[PDB]
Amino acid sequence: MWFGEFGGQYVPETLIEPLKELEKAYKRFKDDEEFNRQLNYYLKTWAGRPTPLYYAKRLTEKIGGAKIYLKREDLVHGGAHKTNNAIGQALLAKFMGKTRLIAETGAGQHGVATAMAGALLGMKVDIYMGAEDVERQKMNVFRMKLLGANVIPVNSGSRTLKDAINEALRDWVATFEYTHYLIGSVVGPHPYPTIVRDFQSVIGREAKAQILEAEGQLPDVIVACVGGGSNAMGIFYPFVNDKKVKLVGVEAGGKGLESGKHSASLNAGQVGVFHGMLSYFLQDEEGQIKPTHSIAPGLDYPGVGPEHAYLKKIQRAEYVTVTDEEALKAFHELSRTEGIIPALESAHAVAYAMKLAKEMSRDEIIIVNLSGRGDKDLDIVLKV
């Protein structure tokens, strides 16, 4: 439940029953032979795992320092690592006898991954999304409908993510007998931060075997962007006990940390309670979740998962920030130099790895988690 002092289950009493049932089901199935056979079957034949580990030779030669490798999550079905968790949890729900998935979504990217997994597995899908966010992300709303999901605009309160979370929780209280609440990052009350990390750990397990095959040794550094923290935990987790492997999470610097238009919760936030967890949040003087900004839609989440708060505390991972401008430069540079258009989220990680590689020697190795592809971001990059 706890990662040092971070995590917990800060929920109304009514949710203790569904969370207990979910934890018991997860304990039973997580190492079950049949459950894992079906999960591996869907990951392989539907999602296209394993994803390759790509040596960005041109980008490496240009910078003239460490070798940069890219873990190609951009190639998973849907174009984002989110799929790995959507499948795992949707299948877990099916094994629990659930017939319905619900989820909240801010950018709509988790909404899409949940819709896709629900369609795959023949489940009903209802997605809660703040009305202001429905307005900003019309193509993701269309995608979800195309995939058979029902998008429910949340018109109450602030009409944003926090209002969608509350409606999702309220729904789940009433419908948990047949409905699974599918959380999209390493956030939420226990057991979700653990479950999501476990379903993303395939990223790091593949990358470890791939880098040993390619180079005969572990990486010197692994760099991943951090929203809620799921792609970063997924690639980090299998290396945590490899003491010499440096781990770097990259948060959204937005328009600058001084500008207050960012989403760097670890760097600039404070300890607080939200979404049923004790972790770091960007929140105002009155304890309310405060406005966040990134050019990358998926880095708008106002907090960060408790396992990252813990990793920062014990100094096992370092956490840095990259601005909108630096992420944009990296988005262009990767496209031109390697013919890979990255997600703006992932471009934050590419940006930082480019700075880091320059200092390091040529025999050293950086793996960047390329968490998604940038087709989704073409509109806004063209606008800006």
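Take the two forms, superpose them, and find the largest set of C-alpha atoms that agree within 1.5 Å; that set is the rigid core. Sequential numbering from 1, following the sequence displayed.
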Core-superposed comparison in 4 other deposited structures of this protein: bigger Cα RMS shift among 14-22 and 365-373 is in 14-22
Superposing the other structures by the rigid core, the farther-displaced stretch by RMS over CA atoms in 4 other deposited structures of this protein, of 104-112 and 310-318, is 104-112
With B-factors read from the PDB entry, the higher C-alpha mean of 16-24 and 364-372 is in 16-24
Mean Cα B-factor check, 165-173 vs 218-226, entry values; winner is 165-173
Entry record, C-alpha B-factors for 72, 77, 197, 255; the maximum is at 255
The residue of 307, 300, 206, 251 with the maximal C-alpha B-factor according to the PDB record is 300
Residue 29: CA temperature factor from the record, placed by chain third, in the highest
For residue 157, the third of its chain by CA B-factor is the highest
In terms of its chain's C-alpha B-factors, the third that includes residue 37 is the middle
The third of the chain into which the C-alpha temperature factor of residue 122 falls is the middle
Chain thirds by Cα B factor, record data; residue 240 belongs to the middle
